[PDB]
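Participant: Structure here, sequence nowhere to be found:
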Ligand code: FES
């Protein structure tokens with residue numbers, strides 16, 4: 001099973017919905033389909049790949065940087081996030097965490 005993940009960053013000209021297997025991280029699946037997303041550690045330990053969820057849900061249990069307030073506010077570490085429903089994610093949201 002796969003989910004439709006809408007990735008959005010209009011300064012990049014990015015507004016694209018891709019099919020992501022339920023066992024693949026969003027960053028990896030995006031890259032495979034030719035999308036460029038920001039990243040550094042790829043380990044869920046920083047905020048470089050941070051995005052913000054505006055629709056749908058993810059499993060990011062592997063992440064270890066975002067606190068509970070930040071998770072509640074919709075933030076996601078795309079390098080370690082599986083989609084769990086069709087979802088919409090604003091990418092390059094690191095500065096919004098400041
Ligand atoms: S690139 Fe460091 S948490 Fe995703």
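Facilitator: Great, that's in hand. Numbers count the residues shown, from 1 in each chain.
Participant: How about the residues of this structure by the ligand?
Facilitator: Contact residues, the chain versus the ligand (CB under 6 Å from any ligand atom): 39-46, 48-49, 65, 77, 79. In short, each C-beta sits where N, CA and C put it, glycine included.
Participant: just the buried members of those residues?
Facilitator: Among these, those classed as buried by 16 or more other CB atoms under 10 Å are 42, 44, 46, 48-49, 65, 77, 79.
Participant: Any chance of those in CSV with distance to residue 5 and secondary structure as columns?
Facilitator: Listed next are these as CSV, based on distance: CB to CB, whole Å; DSSP: H, G, I helix; E, B strand; the rest coil:
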residue, distance to residue 5, secondary structure
42, 18, coil
44, 18, coil
46, 21, coil
48, 19, coil
49, 14, coil
65, 21, coil
77, 14, strand
79, 14, helix
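Participant: Go through stretch 74-88 and flag the buried ones.
Facilitator: Residues 75-83, 86-88 are the ones in stretch 74-88 that count as buried (16+ other CB under 10 Å).
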